[PDB]
Each structure stands twice: as structure tokens, then as C-alpha cells.
Amino acid sequence: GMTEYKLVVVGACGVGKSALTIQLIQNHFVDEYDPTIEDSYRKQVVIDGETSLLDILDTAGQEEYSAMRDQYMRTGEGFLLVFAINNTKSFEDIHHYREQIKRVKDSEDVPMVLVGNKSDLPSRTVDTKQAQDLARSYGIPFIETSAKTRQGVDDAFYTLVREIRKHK
Ligand SMILES: *CCC(=O)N1CCN2c3ncnc4cc(-c5c(C)ccc6n[nH]cc56)c(Cl)c(c34)OC[C@@H]2C1
Ligand SMILES: Nc1nc2c(ncn2[C@@H]2O[C@H](COP(=O)(O)OP(=O)(O)O)[C@@H](O)[C@H]2O)c(=O)[nH]1
Ligand SMILES: [Ca+2]
Ligand SMILES: [Mg+2]
């Protein structure tokens, strides 16, 4: 019947992964979401006139390697790489998330999107141009998002879907 996409949302602790995913699915902003909850969220959506199913895995757990986490990641068709623009270490870590995904996919061209989250915060420490240059060198799109104001949430997930469709 209707297509399903496995989206995986990766990024450092407290970048807004669950806030983004919950805003897309449930249309509200979470203030203090339980940071151990790793669950899968679904939504029916119309993208370029195609009704589709989003299965969104919102990563949590521990900073540790597991055979079981390789398996969940290998099921993923595309990945949002999320940093907050007020945390330069969250952006320093994007490199390791891309490396870890290349290892399990044993692929250079995995549908990915770079997300600079918390675009509403005054206190920016990571500059758009640097984020842009990183996405241009990975060959992936870049979207600035605020889970609070909902700016760029839709277009971040939809751009990932459109990256997975271009992939075959
Ligand atoms: C506050 C908790 C939270 O949101 N976290 C902390 C734990 N991680 C995390 N931290 C470090 N390394 C990680 C590595 C992977 C991973 C990847 C990308 C591919 C294959 C893997 N095999 N074992 C682990 C991994 C992931 Cl998915 C995470 C992670 O998930 C994010 C999460 C963020
Ligand atoms: N101001 C602002 N706060 C955010 C945004 N996204 C998440 N937060 C807050 O940042 C903290 C971490 O968010 P969370 O979604 O739990 O991070 P996760 O560890 O990636 O799941 C929370 O207290 C959120 O309310 C955002 O876009 N703007
Ligand atoms: Ca453990
Ligand atoms: Mg979380």
C-alpha cells in the first residue's frame, strides 16, 4: 500500500533529538524529556503528494558500542545528524556520528541531513558558514531548526525523506 521510511535521529546528549521528533509527530515542545528513553515514533504524512509512513528512531541510552545498536542503525534508511548551535562540542561530535554510521552501513553515501537545532537561542557559538561548509564537504543538505518555535522541523525530516527517495 503506502511507503514507510525508517528515519534515525542521532546527536549528543541535550541537542533536542526527542524535542524535534516529538514536535514532528505530536505538534508540541518538550521541556525536560527523560534522556534514557530510546523509542520509535510513527506519523502518516503527505510529502510531494505521496502519503507515507515515518518510523523515527530517537536515539538515547549510553555512550557505548553494542552489536544490538549496530542492528537498529543498519535498519535506518536515513539519519538526521543533530547538533545545537550553542554547543560547539555537539558540532565537534557530528564527525564521529558520521564515522560510526559509515562503519555499520560500510557505505560512503548514506542519506543524511545535518541539523543545527536551537536556532531561537541568542547565544550562538557555532557559525552557519562552518555548519554549511561541513554539510557541503559531506555532500548532504543543512537545515537550521528550533523544536521550540517549530521552524525547520518539517523541512528537516521531509528533506531526509527526499534524500532517501533519491537513493535506491
Ligand atoms: C543524553 C543521552 C543521549 O541522548 N545520547 C547519549 C548516548 N548516545 C551516543 N553517544 C555516543 N556514541 C553513540 C554512538 C552511536 C552509534 C552509532 C552512531 C552507530 C553504531 C553504533 N553502535 N553502538 C553505538 C552506535 C549512537 Cl546511535 C549513539 C551514541 O546514540 C546517541 C546517543 C546520545
Ligand atoms: N530553546 C530551545 N530549547 C530546546 C530546543 N530543542 C530542545 N531544547 C531543550 O533542550 C533540552 C534538551 O532537549 P532534548 O530534546 O531532551 O535533547 P536530546 O538529548 O537530544 O533528546 C531540553 O530541556 C529542551 O527543552 C530548541 O530548539 N530550542
Ligand atoms: Ca550498557
Ligand atoms: Mg532524548
# chains A, B, ... in the order shown; residues from 1 in each chain; ligands from 1

call {"tool": "closest_atom_pairs", "arguments": {"of": "chain A", "to": "ligand 2", "cutoff": "6 Å", "atoms": "only C-alpha atoms and all ligand atoms", "output": "tab-separated table"}}
result
residue	atom	partner	partner_atom_place_in_ligand_line	distance
A:13	CA	ligand 2	19 (O)	4.0
A:14	CA	ligand 2	19 (O)	3.4
A:15	CA	ligand 2	20 (O)	4.1
A:16	CA	ligand 2	15 (O)	3.1
A:17	CA	ligand 2	20 (O)	3.4
A:18	CA	ligand 2	15 (O)	4.0
A:19	CA	ligand 2	15 (O)	3.8
A:30	CA	ligand 2	25 (O)	5.3
A:31	CA	ligand 2	25 (O)	3.5
A:32	CA	ligand 2	23 (O)	4.5
A:33	CA	ligand 2	16 (O)	4.7
A:35	CA	ligand 2	19 (O)	5.6
A:117	CA	ligand 2	27 (O)	5.2
A:118	CA	ligand 2	27 (O)	3.4
A:120	CA	ligand 2	28 (N)	5.8
A:121	CA	ligand 2	1 (N)	5.6
A:146	CA	ligand 2	27 (O)	3.3
A:147	CA	ligand 2	27 (O)	3.7
A:148	CA	ligand 2	28 (N)	4.6

call {"tool": "residues_around", "arguments": {"residues": "residue 9 (chain A)", "least_positions_apart": "2", "cutoff": "12 Å", "atoms": "only C-alpha atoms", "output": "JSON, numbers by chain"}}
result
{"A": [6, 7, 11, 12, 13, 15, 16, 17, 18, 19, 20, 21, 22, 38, 39, 40, 41, 55, 56, 57, 58, 59, 60, 72, 73, 76, 77, 78, 79, 80, 81, 82, 83, 94, 97, 98, 101, 112, 113, 114, 115, 156, 157, 160]}

call {"tool": "select_by_dssp", "arguments": {"residues": "chain A", "states": "alpha helix (DSSP H)", "output": "VMD selection string"}}
result
chain A and resid 17 to 26 67 to 75 88 to 105 128 to 138 153 to 166

call {"tool": "atom_distance", "arguments": {"atom1": "atom 11 (C, counted along the ligand's line) of ligand 1", "atom2": "CA of residue 116 (chain A)"}}
result
18.0 Å

call {"tool": "residues_near_ligand", "arguments": {"ligand": "ligand 3", "cutoff": "10 Å", "atoms": "only C-alpha atoms and all ligand atoms", "output": "ChimeraX atom specification"}}
result
/A:61-66

call {"tool": "closest_residue", "arguments": {"among": "A:131, A:143, A:68, A:110", "to": "ligand 1", "atoms": "only C-alpha atoms and all ligand atoms"}}
result
A:68

call {"tool": "select_by_dssp", "arguments": {"residues": "chain A", "states": "strand (DSSP E or B)", "output": "ChimeraX atom specification"}}
result
/A:3-11,39-47,50-58,78-84,112-117,142-145

call {"tool": "closest_residue", "arguments": {"among": "A:151, A:23, A:3, A:36", "to": "ligand 4", "atoms": "only C-alpha atoms and all ligand atoms"}}
result
A:36

call {"tool": "closest_residue", "arguments": {"among": "A:126, A:47, A:8, A:135", "to": "residue 75 (chain A)", "atoms": "only C-alpha atoms"}}
result
A:8

call {"tool": "closest_residue", "arguments": {"among": "A:90, A:27, A:100, A:51", "to": "ligand 1", "atoms": "only C-alpha atoms and all ligand atoms"}}
result
A:100

call {"tool": "residues_around", "arguments": {"residues": "residue 46 (chain A)", "least_positions_apart": "4", "cutoff": "12 Å", "atoms": "only C-alpha atoms", "output": "PyMOL selection string"}}
result
chain A and resi 2-4+50-54+154+158+161

call {"tool": "closest_residue", "arguments": {"among": "A:106, A:155, A:127, A:92", "to": "residue 24 (chain A)", "atoms": "only C-alpha atoms"}}
result
A:155

call {"tool": "closest_residue", "arguments": {"among": "A:10, A:37, A:104, A:25", "to": "ligand 4", "atoms": "only C-alpha atoms and all ligand atoms"}}
result
A:37

call {"tool": "atom_distance", "arguments": {"atom1": "CA of residue 125 (chain A)", "atom2": "CA of residue 86 (chain A)"}}
result
5.0 Å
